[PDB]
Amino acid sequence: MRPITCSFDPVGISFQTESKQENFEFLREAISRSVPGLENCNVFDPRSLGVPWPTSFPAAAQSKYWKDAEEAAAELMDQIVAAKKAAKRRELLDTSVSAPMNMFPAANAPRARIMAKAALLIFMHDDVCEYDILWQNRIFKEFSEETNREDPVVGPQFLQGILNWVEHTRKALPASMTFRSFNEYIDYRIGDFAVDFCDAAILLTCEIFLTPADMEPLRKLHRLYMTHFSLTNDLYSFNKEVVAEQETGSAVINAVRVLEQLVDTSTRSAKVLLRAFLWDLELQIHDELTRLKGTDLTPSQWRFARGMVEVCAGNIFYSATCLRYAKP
């Protein structure tokens, strides 16, 4: 399991649910015994590692091939830098590995390398926005070839999911924007999801394939998963944004700020409200999983459903373990 530098909780409340989550239990069982779908993961309870774990999810899953992912990201990094300042590289590679290993833990060694390379590309572009060509184009084309030869079915959507993200990040969103309802912000915040890549990443790491029509029954669960992911990211990232907001005059589009204004409460209470919102979202995920279990669902369809749960849990762990959010 990848060493953890830090652990923190913005709200530091934590809770226990009144009902036993028979669903989500596969994560707990995976700590001690082999569970279907998690054969490529180390599954643990973050509380044993001293990480604050304010979630109904009993465990977190991490790909056991993170060391291969570190090498691949390091490899890609060297290609780019050929085509203080060392500080960003240490963080970029660390973040490029920690995110996919936790968010998409079912990755075997080769698919972990692809995921780590994909994360580095996404993260390098994200950092640039928050601030020869044929040669660079050749680097990505090689990355595309390695991906398409690993997974020919999902590979194109995987790479297309990356490119779709680049298109959306261009889109300016006015500083004059104000949100009247919290749902209204949710519909907006869900948009910064990069779902097409994330959905393809689940397909890739779980080594399954779903047509878009196969995804239609999972629409409700899919929206809950995007909501939990985005809102979780806002909660843990809020303090880091406030630091950046005072320094560079950067805006905060965080749900904390939205909640503070809409409900007219203190910042600390808004964070508590956001954490509580997430706890109910986790319950809604659990109910939807139960409802879906009643319906006739394909094994691959159910594996995708469970993968979304693994993204949410891994996102919480990643965010709690992330230094950029923790003590900025």
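Numbering starts at 1 and follows the sequence shown.
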| query | finding |
| --- | --- |
| Interresidue gap class [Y131, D132; deposited sequence, unmodelled] | 10 or more |
| Interval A83-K84, deposited residues with no coordinates in the entry (none, 1 to 3, 4 to 9, 10 or more) | 10 or more |
| Higher-scoring stretch by recorded Cα B factor average, 216 to 224 or 241 to 249 | 241 to 249 |
| Mean C-alpha temperature factor, higher of 266 to 274 and 290 to 298 | 290 to 298 |
| Which of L259, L38, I285, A60 ranks first by CA B-factor in the deposited coordinates | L38 |
| Out of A201, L173, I122, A116, highest CA B-factor residue | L173 |
| Where the record places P156 (Cα B-factor, split into thirds across the chain) | lowest |
| Within-chain third of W135 by Cα B-factor, per the entry | highest |
| Relative C-alpha B-factor of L281, binned into the chain's lowest, middle or highest third | lowest |
| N23, C-alpha B-factor rank within chain (lowest, middle or highest third) | middle |
| Assigned third (lowest, middle, highest) for the C-alpha B factor of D94 | middle |
